[PDB]
Every structure is written in C-alpha cells, then in structure tokens.
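Right, one structure below, let's go through it.
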Number of protein chains: 4
Amino acid sequence: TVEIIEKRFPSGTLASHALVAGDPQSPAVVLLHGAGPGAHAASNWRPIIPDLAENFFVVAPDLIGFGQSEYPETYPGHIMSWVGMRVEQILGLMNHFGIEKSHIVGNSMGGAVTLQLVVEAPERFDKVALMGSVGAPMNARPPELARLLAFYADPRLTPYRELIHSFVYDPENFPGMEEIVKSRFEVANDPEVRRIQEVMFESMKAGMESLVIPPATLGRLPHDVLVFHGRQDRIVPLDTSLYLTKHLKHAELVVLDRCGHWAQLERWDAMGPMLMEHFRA
Amino acid sequence: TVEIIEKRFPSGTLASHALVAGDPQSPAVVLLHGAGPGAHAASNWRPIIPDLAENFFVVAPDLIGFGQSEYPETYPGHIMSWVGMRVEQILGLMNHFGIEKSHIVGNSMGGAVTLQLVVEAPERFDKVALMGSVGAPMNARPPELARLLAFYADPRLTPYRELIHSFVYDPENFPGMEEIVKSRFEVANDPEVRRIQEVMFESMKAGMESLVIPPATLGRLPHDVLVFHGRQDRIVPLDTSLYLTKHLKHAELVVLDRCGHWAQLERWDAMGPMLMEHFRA
Amino acid sequence: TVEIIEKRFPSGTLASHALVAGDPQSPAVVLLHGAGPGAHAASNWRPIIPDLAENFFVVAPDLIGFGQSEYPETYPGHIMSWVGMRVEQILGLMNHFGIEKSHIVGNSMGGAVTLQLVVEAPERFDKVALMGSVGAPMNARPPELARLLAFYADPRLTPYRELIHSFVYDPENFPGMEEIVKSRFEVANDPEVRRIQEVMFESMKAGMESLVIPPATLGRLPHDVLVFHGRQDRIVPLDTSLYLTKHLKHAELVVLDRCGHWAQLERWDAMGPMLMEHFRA
Amino acid sequence: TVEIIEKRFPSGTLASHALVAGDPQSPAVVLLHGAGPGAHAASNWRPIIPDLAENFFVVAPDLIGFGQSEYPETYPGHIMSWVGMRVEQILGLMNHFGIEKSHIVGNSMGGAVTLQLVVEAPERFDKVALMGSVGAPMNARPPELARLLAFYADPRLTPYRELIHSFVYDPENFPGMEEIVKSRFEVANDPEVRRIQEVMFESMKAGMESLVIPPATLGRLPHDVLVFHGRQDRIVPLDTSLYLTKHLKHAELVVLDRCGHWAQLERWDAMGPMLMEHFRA
C-alpha cells in the first residue's frame, strides 16, 4: 500500500500541481502526460503510480496549460512557448525536490517535452521511455487527431465520448470509461479551461513541425531510450516511434497488441515489468 | 548441462539431418534457420539450444537444400518448390517424433517456411516467433542482400568474409566469426553444395514475390506471433516485420538494439527470456 | 599584421556599419553575412579578414536589419523588401568608396543578396563565391532551420546554444563558441533587436520562394561562380548549391568535409587558398 | 623528362600489360581506367603520367578484359566475376612490385574496382581519388550510356565517333580526338576484342546493381576519398558521386566545369594540383 500526495509545489515561475509518491530516497521518475481536452497528470498515471512508487520516487505534474498547475498571465500563440514553459516547469520542479538526476517518461505530448528536456539538460536525466510520442514527423495526420484538435468547434458530449473512446483499443471494457468521459467533459468545458485549451489546440494545429527533433540531435543523445507504441493507437501513427527509433543513438522499440494510445493503462501488464527492468538496470 | 543429439531422421520422402535436445516430454519447439551459402541448422541455433532444451523438446533440422539433410533427385527452378519440400519435411519430421502440436521459430527464410507451415497446418502449431523474417514485401532490396545472392559470381574468401560480417551488428567482437567464416567457406564451395546453392539463389533472386503471405491470410492466423528484428539488420529491412506486424491477427513487434540479422545470437540476452515467456504462457 | 577599421559609412539612404581593411589600392571584395538572431558582419568574417586584407581591399558591412547599420523607419512585411534594401545598401556603399568593380562573397542569406546584386548590376562585380547559399529552391526545410525561424517563440538561452551549435560541424572544439553564444544571446534579446528580428524571421518563413533566382537568369550570368557547401551543413541542404551549380553559366562546386554552415570559419584552411586563387586569377 | 615502361608483368593468375613510370622509391599510385569499346590504360592516363611520375611511382595496368593484359580461358557472364578478377589482378600486380601500401585512383568502372579493392584490402591502400565513378546507384541510366552498351548492335564508325565525342565536354577542341576515334575503332572491332567486349557489355547492362557498395560499408572506410565529377559528364550522372560523398566516412566532392567524363584529361589543370596535395599530405 502506497500513499499519493497531491498538492501544489514551487517549480520556479509557475507553480505546479503534482501527484507525488514513493520514498524520496529511491531513484526518481518524472511522468509527463499527453495533451487533449481535460488532460491532466492524474488521468494519465494515477492507476500505475502505486507500482512505480514501490521502488521509485515518482513525480507526476500537471504540465502548464493543464490541470491545477499555475497558468501564465498571457497565452502564447506558438506551441513552442508552451513547450519552453513546461521544460522550465519540470526543471524547476526537480530543483525544488533536490533531484539532480531522474528517470523520465513521457506520453504523446509529454514525449515532445521529454525529448526537449533531455536535449537541453542531458545530465539531469538517466533512463528515458516514450509511448506514442510526438516529437517526430508525422506521415499523415489521422482523422482522429484532426477531430480532437477541432473539438471546441462542436463541444457536445457525444462527440467527446467518441473522442475519448478513440484513445484506447477497446472502450467497452475499459474500466472508468464513462466516468472518465463525463467528469473530464465538465472540466474541458469550464469557461477558463476552454479558454486556454482553445488557443493551445490552435497553436498545436498548424505549428507542430517545430516540435520535430532534428535527426542529428537524436543521434547524439547518450540516453537509453525505450520506445513504446500501441499496435492500435489511432491518435499517433507508428511513424513517429519509427522515426525516433531510427535516429536515436540508443533505442529499442516495442509495439504492444490490444493497445491504443493509452499504453500505460491498457497494457501495463507488459509495460510495467519492462519499465522496471529498463530503470532497475 | 544438456546433450545435443545430431543425426539423420525419417521425415517423409527426404530424410533430415537435425539437432535434437531436451526431454521429449516437454513441449516441442522447431527451429528453422535462414538461407545463405553454408547455412545450416547448427550455425543458426547450436549456441542457444542448451537454454531451450532446459524446458522444451528442441528440434532444429537442416532444411532441404542445406546441410546434411537429404537432397532431391532433381533441382527445382522455382523457390516455391523448395518451400513446399521444407514444409513437407518439417511436418514429416514432426510425425516421426509423434509431436502433434509444437511451438515454431523461424529466422529469415525459415520464417517464410514458418508462415507457410502455420497457414497450411494451423492446428499443428501453438506459439510462433519470427526474426528478420521474409514472408513479406520488401520496399527495396538492400545491396547487402543483392551481393549475397550473387556470391557465386565471385566466390572468393574475402568477399565471403564481408558477406558474413554483414549478418551481425558488430563483427569484430562476434565470438566465432573467423572460424565461422573459414569453415563455412569450405562447405559453401563444395562442388556438390555450390551446385544446389547456385540454383537455389537463382530461384530466390527474381522469384521471391510468390513468398508473400496475403494480408487476408495473415489476418486469419489464430496464433500469437512475436516478431523480432534487429535495429541494425542490413540483410532484411524492417519493412518485412512491419508488414507482418500490421496484418497478423495477433502480433507484437520488438526491435532490438546492437543487433543485426542474427538476432538469436547477438541479443539472446533479451530474446531468450522473451521467447521463454511467450512459450511458457 | 593588419588593422580593421570598423565604423558607420554613408551607403545611400540607410548608412551601414562596416568592417573595412586592406589597402584601398588592391582589388575589392565585399563580404555578406548570413541571417539569424544576433547575426552581424563581425561574427561571420572578422577571423578571416586579416588574410583577405593582405591582397584585397575588404568590405564587410552589417546588412540592413542586422548589426549597427541604419534601420528603416517602417518594417517591411515581405522578405523581398529587405533584399532590395540590402541590394541598395551594398551598391551605395561601393559608390561611397569609389569601387567601380568588386569581387563578392555571400554566405547563406548574404548569398541570396549576392545573386540579386550580380543580376541587377552585373558590371559592378567580377568574381563570385557562395557558401551554403539560399537563392535556390529547397527540397525540404530541415528541422534545424524551422527551429531557428521560430526562436522568439521560446527565446531561452539553452535553446539558443543548441541553435548556434547546429551552425558548425563540431561545436565542442569550435573556438569562441560559448562566448559567441552568450554575447550574441544578449543582442538577440535586445527589445529593439528582437523587434526587427521577429518580423524579419516572420517574413523569411513563408515567403522565401520569391528568393529563387530563375534558372534562365542563372544561365545568363557571365561571372565565374565558385560554390562552397559543408558536407555537414544542417541549416541549408546541399540541394541549394546543386541547383545553383546546375544552372549557372560558369560554376564549380566544392563540398568540404568536417564542415557545417560556417564554412569560412570551419575550413578556412581549404577555402582560404581556393578563394585567393579564384580571385587572384 | 620521364620514361614510361610499358610491358607485361606477373600479376598472379592472369598477367597484366601495364604502363609503369617514376622512381620505385617514391610512394606508389595505381591508376584504373574506365570501361568502353577500345578502353585501355594508355588512353585514360598516358598524358598525365609524366606529371605523376615526378613524385610518385606510377602503375597503370590494362584491367582484365581490356588491352594487352591476359584474357581468361572462359568468359564470365556476371559483371562481378570481371570485378573479382581485376581485384585479384591489381593485388597480384602490387605483390609483384613489392608495393605494400599504395595510393589508388579509379575512373568510371575503375572506380567500382577501386571501391572493392579498398573494401577487401583496406590496409593495402592509403589515399583514394575517384572520378565519374560507378560503384553507386544511378537514378536513371542516361541515353548516352545506353547507346554505349549497345554499340555492337551497330558497330559503324560514325556511331563510334559520336560515342567518343560524348565522353568529353568539348570534342571539337579535344587534342587527339579523331586519332583516338579511328585507332580505338580498329581495336574495338578486332574479332577477338569484339568477342570479349560483347559479353562484358552484356554483363554490365542488366547486372550493375550488384556493383553498389552498401552505405554501411562506405561509412566504415577509413580512407580519405576525394571525389571528382565533371559538371558536363553525360555518361555517369552526378548522382553516383553524391551517393558516395554522402555515405563515405571521409570524403570531399569537387565538381569541375568545362568537363565531361574524362576529367583527368579535360581539366588536369585543376585536378593535377589537387591530386598532388591530396597525396602529398
């Protein structure tokens, strides 16, 4: 049995709401959730934290722009501004906790931030793991991703349910689906949330190219990257992981079956153990 | 400590030389080596047999056209004839041993034969594993593969050493390289070996398309396939594994690092355990 | 030993800050730096000026929009306006000095201006040399160039260091790296600099096509062009030099090794002599 | 003034006719001519030998299949057989002369042989230089190359003159054109020459892919390669040199103007000096 502390922490300029757990004496692991309406740390990682906390000091923050973390005064028009802030947030959060070196794990958009972080502060991170990451060129933007970015054009509940269902391989049997749908739909529609979210998505659409890590840079990264991608992920095409696996200095790709975009939640049975070994050793 | 029996066995029409090991009471596993000059069961699997034999009844035959197995009277012009024979050989070999159901593992060309076998006799096989397999469309034939098929045009020793070196990720540190080179070069040049090998390679080049399993068929296979591919395999492009992983009903892909075409030998440290679990469960 | 005069000079409408050196009796050579945050004559050429000054009257101005040269009242929205101004600036600067005919050398963006200059005033220029020039169609915009244009979206110091490092082949051993980074970062962030720079980059991105010299025009140029491109230039793809080398009436291409975007600084050991001979004869 | 010895030498199995010159005490340089009807060492290098002989021990053999070198009993159907023989010939020729290490230079087809040689016997060669080489993939086979391979389909003199003219940039002013045409046309038609030549060209056409050095291999070569290509070479497209320049570990490309396929003869004024420096240092 583990206990998850969930409060605001000083992470530099903007403070961050974060889920913390585990013994601070154990190696650290930072978890970066993906984007999307109502996206926030808890939804992406809560279920698997107890398991990580058993051997690691776990830190899962609500990245700026999402959750109960501190919002900036003005709202950037370029997705890259949002990334710089989250890069600063994470580093400032690590500083607060006195974590010099930490393992890092990013999902989707958190992967883009993860790539930037290890590029900027290589020495602050040890082992890396990415799932359905996006710091890479996309062949063609799936219709699922297009309808996600344009959600505020028709923010009804049914379209939202379809939107969420498209994140996992099998919605019908996913535990907490409807609850996740209804509750996250409330937040996603909050006048203040819908405010920042709208511009964020606007910046994301038409403006993601800048997010691509140059091959020459990936080839210099000294870290051991473990790339995960669900065989049925409808949001982020396998092309992103292949690009990353092709250019990184040290990388290995694992493609899970019966798995959509939320790999950590759909196939933790296979991922959990692999993550542990990748970190342990 | 295990003992590997290596003799001829009645496998129907043509008899097969095969390496056998393990307790016949344990589940069976058939190993199918790849092609190439001097290719034969022992070179592809000997090193990892003791480990498999610990829990499984292992059977690694020299597929018709290779090794000390029985050669056909006439030499087929179509690669498909060679495949039908090896499909018959394996089934006849299983019959001899009274193995009703067996796990199967193929490498490169043995993968093509593995796909045919499970397609023709689905009920005779349980769990499948393929590495750098070729039963799929290739985007572009690498120069490495082209120079391999045209080896008898200039069967000198140096070209052969380069040829072998191109099968692994790091030749310099591969244990048994030069020995494997020199000894296999002797066999590869045997007047009788060079005879069958020449036509085999001639049939392979310009004639491999027929080897492609239709997507509609892959999508019907009930077996749990585990696809392996070395990140640095210069002989068979990753496109083959991706095609198979895309269409199979049940598949998962693992791409190992510091690994060329002989995955089972270069990264057995990671593959061994994964294979065991895939079979065990 | 040579002395480099660095002051403002009347170059028509807008005055230009420029580095001058050598005996005014020797043939002239105009040097046009590339673009980028904090870009200015001194950074692109200072190190190699003494060598040129030995036989040539050297003139390296800060092109309008950069350095301490005169800024226009209003800030053009089209990159072409910026080019017309720099074309006028250079000609006005030559007029001031009484230079009727001069050799010209451009790097990156200075190359685009160089092409325009010799097209408009063919008779005012003798021998030409371009390095990593951009007056040509680009196959695909490298991620390095994309992240450079969108630098003000996240003008932090680390991203800037990465940005600069990507201009040379080997950053670690480049003399003056960190100093160049820190000092140019100060300027690049100046409220007034960041002001003009922002719009300049905005005009550059989405608006560079107009910069392409028509093949029919390149084929008419009477000048002897010597095209240089670093084999490892990550900013401007070799496609630009190939296009220029393909269509120019008189051109020769040299691709240096261990060389990024700042050829004149990374491989002056090979370029210096070649430039001298191209000019000398 | 230098003297060129031209006789048969024991170069292993097949003896080779070769032009030798210079002091055997100076570093060695082996010259490998290109292919084509009537092609032979003397035609490709005689004119520039005196210059090389001044500082180097020069060795220009008639590669098997061409000139007065020894012909094999049977005539190989695969171009690769021809390459293995020439690879053996050169090494055997070096052995005869006691040359342990030598600089090597290949033109066109001699370039393909040069690449094989340094790949097989890296330690036997120091500095490399290639011009209009072909050990690389060709985008599209120029009509000039197609009409060259099918010359024996209509071996008339006029077609031959056109064929030769297409090897240089400016035929009209090339010294020794008509003489080279007429005299080489005699040889090219010799019943015995036309015999081996026919099959050679037959093997060359449809069978050159195997000649491509894998990128992975080019990237391992330790040698300093200097690639030359004439801007107007109509026989071998610039794509070959670009491919080689892209993948070689150490390479630099120089594209000469007013230069066709016979760079060493058309622009020796620029190449001569560059070669000397590349070798000297």
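A, B, ... follow the sequence lines: proteins, then strands. Residue 1 opens every chain. We use all heavy atoms of the structure for the numbers below, so side chains are in, but hydrogens, waters and symmetry mates are not.
- Among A251(D), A270(D), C259(D), the residue with the largest count of heavy-atom pairs under 4.5 Å with chain C is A251(D).
- Separation of atoms CG (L117(D)) and CD1 (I104(D)) is listed at 5.0 Å; rounding is to 0.5 Å.
- Taking CG of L115(D) as the start and CG of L211(D) as the end, the distance is 9.0 Å to the nearest 0.5 Å.
- Side-chain contact between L221(D) and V119(D) is present, with heavy atoms from C-beta onward closer than 4.5 Å.
- Atoms CG and CZ, from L265(D) and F167(D) in turn, are 11.5 Å apart once rounded to the nearest 0.5 Å.
- Applying side chain to side chain contact (heavy atoms under 4.5 Å, CB included) to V128(D) and the options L226(D), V225(D), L248(D), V227(D) leaves one that passes, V225(D).
- For the atom pair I235(D) CD1 and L145(D) CG, the distance stands at 7.0 Å (nearest 0.5 Å).
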Pull every donor-acceptor pair under 3.5 angstrom between chain D and chain C and give the atom names with distances.
from	atom 1	to	atom 2	distance (Å)
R231(D)	NE	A251(C)	O	3.3
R231(D)	NH1	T245(C)	O	2.6
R231(D)	NH1	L248(C)	O	2.9
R231(D)	NH2	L248(C)	O	3.3
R231(D)	NH2	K249(C)	O	2.9
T245(D)	O	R231(C)	NH1	2.6
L248(D)	O	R231(C)	NH1	2.9
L248(D)	O	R231(C)	NH2	3.3
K249(D)	O	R231(C)	NH2	2.9
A251(D)	O	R231(C)	NE	3.3
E252(D)	OE2	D257(C)	N	2.8
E252(D)	OE2	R267(C)	NH2	2.8
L253(D)	N	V255(C)	O	3.4
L253(D)	O	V255(C)	N	2.7
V255(D)	N	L253(C)	O	2.7
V255(D)	O	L253(C)	N	3.4
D257(D)	N	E252(C)	OE2	2.8
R267(D)	NH2	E252(C)	OE2	2.8

